[PDB]
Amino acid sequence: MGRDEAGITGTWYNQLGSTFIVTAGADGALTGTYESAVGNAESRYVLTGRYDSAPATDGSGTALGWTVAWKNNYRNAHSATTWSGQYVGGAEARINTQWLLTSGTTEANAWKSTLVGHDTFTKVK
């Protein structure tokens, strides 16, 4: 029922070699797992998010976002990343994102709590 429900659902890979496995629900839900190739992380972590299930039809992307808290049964990096971006469908489908990675800190160190970057996900490689 979601316009890009089928186009978003599946396995995605970014430029770092991370793997994003997502299911897009008819209603706007995103659920899945994330495995980072880098950082204080091992194996899969739960993700959840949301996407625009009725996007504009005018060649525009589909807005979406999701979160990973970096705790699983193997490790806890006391941090969470949120990706915010858009899905662009077609032969070379992509999800283009910017992210914010916040660590738990003391109040004295909160100024240095948050990393920012950008990931591009593709269906191959």
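Numbers for residues come from their place in the sequence shown, where the first is 1. Definition used throughout: the rigid core is the maximal C-alpha set that superposes within 1.5 Å between two forms.
Farther on average from this form in 5 other deposited structures of this protein lies stretch 39-47, the comparison being between 66-74 and 39-47 by RMS Cα distance after core superposition.
Choosing between 30-38 and 85-93, the greater Cα displacement from the shown form in 5 other deposited structures of this protein, fitted by the core, goes with 30-38. The mean Cα B-factor in the deposited entry runs higher for 50-58 than for the other of 50-58 and 83-91. For the pair 111-119 and 5-13, the mean Cα B-factor is higher in 5-13. Out of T97, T31, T67, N73, the entry records its largest CA B-factor for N73.
Going by the entry's values, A26 shows the largest Cα B-factor out of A26, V38, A77, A63. In the PDB entry, a CA B factor belonging to the lowest third of its chain's modelled residues is recorded for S103.
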